[PDB]
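Below, each chain spelled out in residue letters.
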Amino acid sequence: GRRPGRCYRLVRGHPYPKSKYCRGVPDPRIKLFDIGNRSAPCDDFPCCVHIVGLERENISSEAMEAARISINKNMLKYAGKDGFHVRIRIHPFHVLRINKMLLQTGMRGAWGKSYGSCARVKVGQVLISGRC
Amino acid sequence: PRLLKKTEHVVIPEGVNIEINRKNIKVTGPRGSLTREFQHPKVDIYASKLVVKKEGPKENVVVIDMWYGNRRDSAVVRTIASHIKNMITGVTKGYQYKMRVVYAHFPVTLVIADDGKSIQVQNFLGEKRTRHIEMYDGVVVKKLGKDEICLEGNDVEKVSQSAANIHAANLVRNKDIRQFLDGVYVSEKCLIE
Amino acid sequence: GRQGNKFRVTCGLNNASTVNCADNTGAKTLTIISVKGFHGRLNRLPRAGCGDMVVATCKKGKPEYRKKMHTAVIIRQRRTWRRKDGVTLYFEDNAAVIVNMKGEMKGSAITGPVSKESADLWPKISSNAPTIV
Amino acid sequence: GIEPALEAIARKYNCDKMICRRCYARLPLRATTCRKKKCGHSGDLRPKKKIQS
RNA sequence: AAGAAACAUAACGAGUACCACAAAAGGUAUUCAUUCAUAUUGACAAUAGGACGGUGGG
RNA sequence: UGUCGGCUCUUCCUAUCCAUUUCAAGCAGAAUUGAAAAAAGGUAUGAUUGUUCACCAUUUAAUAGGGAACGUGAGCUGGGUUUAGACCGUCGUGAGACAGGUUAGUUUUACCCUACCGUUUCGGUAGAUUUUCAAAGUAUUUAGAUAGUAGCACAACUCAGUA
RNA sequence: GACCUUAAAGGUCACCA
């Protein structure tokens, strides 16, 4: 049971990181951010491509993890393990909030609970980069 | 892009006489006459003498010309030229479409009228309904051998559509067409002469 | 298992109509539940005439037939119905015989007259009928 | 009871065509685009499945 | 209110902001532009021919 | 602004259940499954429950999903809910409380305007002048802008125990 | 869900329509 992606797409509110004031935050889906030959010398791979976001929006941790797996499976099949190095350059430091409602419930007197994590990106910000 | 001038030409052979009246070409040959109307408001059809060979002499041609006009319109210049080329071919060496009858178990008997303006397909896949299929004017059916017929005529559009009408009247319905390979199919299309 | 068509026979037997069983199968009476081939309508009750195969339950009979759903054929009815040749006809009581889907009668004998319409529809009933009226 | 010569002309008229995965419509062999307008002129097509035994 | 040039228009497409709605995606649909290759002494499309021997390994 | 459901009746939507026309299948036939055109026509009978819902037994070509002030009470009913009588259980010292259960409980007015259905009365259409013509009145015979629209479905024989 | 208590577990409330 997860809310539609359109609920938490727009960048709203002050940044709300996980700290001593924000407790009970679920672990983000994505844990590995550098994939491929992370130890390859700077001269082996001269090429460079980027994914540049053209929108100011929230990117959930699930979307980054799905993209990380998608590139991993496709790139391993094509260029092999030791022929590419992809680094994800957006981290889920912003924590979303959900106000779950159970009619015996309070109507509007409540402040949301932690729901997930997302990366507040902006226009022209590099999301994922890779060298081959 | 818009083309300043797109042109095409058809070579008129000796036994062919062509007269044009406001995009209405009439072609007369040794096998008869053929009139068609090309109602496109942006083509100029006129007969002239042109050198179309690399080092050949002048010859009577029909020039289909359309001036400044986009690629949607310009495509019709060669379309009309092909129609006129087909019309010349029809009145000199007419077309014929050799259709063949394909059956698995039930034999199909073809009954052709005496004059040849109608056919009759009987016992197609055991069906009791008998198909008639009328023929266009100028198209004549006849029986070549066994399970083979041919439609003779001067206009390819009349001969080709009449041949397709025969095939389209003998379609298998509600059955696997990959297994019940039945009907009348055009084996090949060729010229009488 | 029925053979051929049946002309118009006005249906005087409704849903929940109790008929008699003319067979020798130990079932006495059946009550019609629904009629095979009946085309439904709003608030309409299922209707059966002579020669109509109905679905009925036996509420009176020997234990292997009571409190069960069987299939029967109306052989006679008290409702007056008209033949095509201008003959107006009706019987003394509503009766039926138990047949299956294939049309063979479960019993071996029929007591009382059997109408022509039910006799022609089902060849097995006519063979075991005493008289055909 | 059909000779192989007549098989070729019958199969071509019936079997040797491509099928749009979105139109569902019958398309020629060398086509590269769903011809019908309803399917959006899609670009992914598959050959008609051959019979087998 | 007249003239000018274009991308549209074979469709209930377009048409006076706030305003009375439309998205991701797809298209050998069309227009312009950029980058690369072949562009001729002969590219692409087409018609005609060869497409091979050890080797059951152009 | 009379608050549930059912009964009666009309219309509308298609995100279609059947019938009609097509395309696809891992479609041999039969039975099926996915999709397109199409909303003109059909889409039932009962046991239990106030029920909407649900679950069973049938039948049918099918027994599809929805809107119209959660359509419809000066259209009905009053089963339920929801005053005032009474009973039980739990709670409360008590009066009393209970989305806890049970039983009995008044359903008013159209004669007004419009809508709809039928039905009368009065009024009436501008440009021709061949007296074999033109016009007005009365009467018959016709005419047809527009509006509605109607026929559907199934079964049996033969095809054929054939493909 | 809310309040209370224990070392997750219970206990009381969840009403007028």
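Look up a bit, the structure's there.
To keep things clear, this report deals only with the structure shown in the data block.

## Observations concerning the overall build of chain C
The number of helices and strands found in chain C is two helices and seven strands. Ordering the α and β elements of chain C from the N terminus gives β-β-β-β-β-β-β-α-α. Over its C-alpha trace chain C gives a radius of gyration of 14 Å, about what one expects of a compact globule, namely 14 Å for 133 residues. C-alpha extents for chain C along the principal axes are approximately 45 × 40 × 25 Å.

## A short note on the protein's contact with RNA strand F
Contacts to RNA strand F come from 34 residues, most closely from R178(B), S34(C), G37(C), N43(C) and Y24(D). Backbone atoms, meaning sugar plus phosphate, form 83% of the atoms of RNA strand F positioned within 4 Å of the protein. Taking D176(B), its main chain carries an N or O atom lying 3.1 Å from a phosphate oxygen of RNA strand F. In the environment of RNA strand F, a phosphate oxygen lies 3.1 Å from a nitrogen or oxygen atom belonging to the side chain of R26(D). Each residue belonging to the surface near RNA strand F can be placed in one class, and the counts come to twelve nonpolar, nine polar and 13 charged.

## Observations concerning the side chain of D182(B)
Residue and element names in this part refer to chain B. Relative to the helices and strands, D182 resides in the loop between α3 (156–168) and β12 (183–191). Of the side chains with opposite charge, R131 comes closest to the buried, unpaired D182, at an N-O distance of 10 Å. Setting aside residues up to four positions removed in sequence, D182 forms contacts with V102, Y103, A104, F124, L125, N170 and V172.

## Considering the interface of chain D and chain B
At the interface, 13 residues of chain D touch twelve residues of chain B. Each partner contributes to the roughly 1,300 Å² buried at the junction of chain D and chain B, and carbon and sulfur atoms together form 70% of this total. Considering only the side of chain D, the residues that lose the most area to chain B are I9(D), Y13(D) and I51(D), jointly responsible for 38% of the buried surface there. At the surface where chain D touches chain B, the tally comes to zero salt bridges. If you look at where chain D meets chain B, you find two residue pairs in polar contact. Considering every element that reaches the side of chain D that touches chain B, the biggest residue donor is helix α1 (residues 4–14) of chain D, with seven residues. Its residues assigned to classes, the side of chain D that touches chain B comprises seven nonpolar, two polar and four charged.

## Details of the protein's contact with RNA strand E
Inspection of the region around RNA strand E gives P1(B), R71(B), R72(B), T32(D), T33(D), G40(D) and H41(D) as its neighbouring residues. Backbone atoms, meaning sugar and phosphate, make up 73% of the atoms of RNA strand E lying within 4 Å of the protein. Separating a phosphate oxygen of RNA strand E from a backbone N or O atom of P1(B) is a distance of 2.8 Å. Here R72(B) contributes a side-chain N or O atom positioned 3.4 Å from a base nitrogen of RNA strand E. Of the residues in the surface near RNA strand E, the class split is one nonpolar, four polar and two charged.

## Comments concerning the state of the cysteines
A full pass over the atoms with the stated rule returns four disulfides over all chains. In this model, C34(D) is linked to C39(D) through a disulfide, with the two sulfur atoms separated by 2.0 Å. With no disulfide of its own, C22(A) lies closest to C118(A) among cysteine sulfurs, the gap being 12 Å.

## Topic: the sheet that holds strand β6 (residues 113–121) of chain A
All names here are of chain A. Spatial strand order, β3-β6-β5: three strands in an open sheet with antiparallel pairing. The open sheet is flanked by β3 (57–60) and β5 (94–98), the only strands paired with a single partner. Neighbour-to-neighbour, the strand axes of this sheet turn through a mean angle of 50°, independent of strand direction. Pairing analysis gives five bridges linking β5 to β6, with the strands arranged antiparallel. Residue pairing in the sheet places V95 in a bridge with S117 of β6. Running over the sheet, helix α1 (residues 61–79) touches β3 and β6 and is turned about 60° from β3.

## Structural notes on the packing of aromatic side chains
Counting across every chain of the model gives four aromatic pairs over all chains. Between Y16(A) and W111(A), the aromatic rings sit 6.1 Å apart at their centres with planes inclined by 85°, giving edge-to-face as the arrangement. By relative accessible area, which is 16% here, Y16(A) ends up buried. Taken together, a centroid distance of 5.3 Å and an interplanar angle of 65° make the contact between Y185(B) and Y13(D) edge-to-face. Here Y13(D) lies in helix α1 and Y185(B) lies in strand β12, a pairing that spans two chains. Using a relative accessible area of 1% as the deciding quantity, one classes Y185(B) as buried. Given the relative accessible area of 28%, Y13(D) is considered partly exposed. Seen from the ring of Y16(A), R97(A) lies directly overhead, with NZ or CZ sitting 4.6 Å from the centre. Taking the ring centre of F180(B) as reference, the NZ or CZ of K175(B) above it sits at 6.0 Å.

## As for the layout of surface pockets
Over the atoms, a rolling probe the size of a water molecule traces out where space has been left empty. All names here are of chain A. In this structure, the largest pocket spans a volume of roughly 320 Å³. Taken together, 21 residues make up the lining of the largest pocket; nearest its centre are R2, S60, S61, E62 and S117. For the lining of the largest pocket, the secondary structure elements donating two or more residues are β3, α1 and β6. Looking at the lining of the largest pocket, its residues break down into nine nonpolar, six polar and six charged.

## Quick notes on the sheet that holds strand β1 (residues 34–36) of chain A
Residue and element names in this part refer to chain A. The strand order across the open sheet formed by four strands is β1-β4-β7-β2, and the pairing between neighbours is antiparallel. At either margin of the open sheet sits one strand with a lone partner, and together these are β1 and β2 (49–53). With direction set aside, neighbouring strand axes in the sheet form an average angle of 15°. Two elements, β1 and strand β4 (residues 85–88), share three bridges in a ladder whose sense is antiparallel. In the strand pairing of β4, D34 is matched with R87. Sheet strands touched by α1: β1, β4 and β7 (125–131). Its angle to β4, the strand with the most contacts, is close to 175°.

Scoring rules and cut-offs
- Residues numbered from 1 in each chain as written, not as in the entry; some residues may be left out.
- Chains lettered and ligands numbered in written order.
- Part of a larger assembly, values for the part shown.
- Heavy atoms only, no water.
- Helix = DSSP H or I, 4+ residues; strand = E, 2+ residues; numbered from the N terminus.
- Rg over C-alpha atoms; globule rule 2.2 N^0.38 Å.
- Near = heavy atom within 4 Å.
- Polar contact = N/O pair within 3.5 Å; in protein donor to acceptor, adjacent residues only side chain to side chain.
- Nonpolar A, V, L, I, M, F, W, Y, C, P; charged D, E, K, R; others polar.
- Buried < 20%, exposed > 50% of the residue type's maximum accessible area, 1.4 Å probe, protein only.
- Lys, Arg positive; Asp, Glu negative; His and termini not counted.
- Salt bridge = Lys/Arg side-chain N within 4 Å of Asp/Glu carboxyl O.
- Contact = heavy atoms within 4.5 Å.
- Buried area = accessible area lost by both parts, 1.4 Å probe.
- Disulfide = S-S within 2.5 Å.
- Pairing = 2+ DSSP bridges.
- Axes fitted to C-alpha atoms, helices over the stretch in contact; angles between N-to-C directions.
- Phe/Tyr/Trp six-rings, centres within 6.5 Å; stacked < 30°, edge-to-face > 60°.
- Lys NZ or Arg CZ within 6 Å of the ring centre and 35° of its normal.
- 1 Å grid on protein atoms, 1.4 Å probe; cavity = no way out; pocket = protein on both sides within 12 Å on 5 of 7 lines; lining within 4 Å.
- Points joined across faces, edges and corners; volume = space filled by probe spheres on them.

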